[PDB]
């Protein structure tokens, strides 16, 4: 299996992602998105693109990306500080169940995987999530995929932020 052959699942309407806030990453590829909370935001009233925004929050640092849909169930992200463009797909989504929400998303460079983000608001208890992670690890460079919460900073009274 190569990264280009992973499923490209249907993307839920944006409101279903917003209604899942806040999410934390369970499995990630690089160190970048360890100990990170994901927040979805609807478009600003003054936005001329009317693109929603994804926020990746790691302690007191934040990456933001406006995003729009592209071909074949892609998400086209524009990182708000750098202008860097990224193309993402979803392996699966399972939002707004009786046990909460989960999904796994990935970023390829051709046949190899270069980033991976499995998110949930149920501490990774959706059986689909571990299953998806086990599939993604089989594509080239998927060996890097690992648990995102092994060594996070101590909290100071909150639950999705530190």
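Residue numbers count along the first chain shown, from 1.
The mean Cα B-factor in the deposited entry runs higher for 149 to 157 than for the other of 135 to 143 and 149 to 157. Judged by mean Cα B factor in the deposited record, 123 to 131 ranks above the other of 123 to 131 and 33 to 41. The deposited CA B-factor of residue 101 belongs to the lowest third of values across its chain. Among the modelled residues of its chain, residue 14 has a C-alpha B-factor that falls in the middle third, as given in the PDB entry. The deposited CA B-factor of residue 61 belongs to the middle third of values across its chain. Ranked within its chain, residue 94 lands in the middle third, by CA B factor from the PDB record. When the modelled residues of the chain are ordered by C-alpha B-factor, residue 52 sits in the lowest third.
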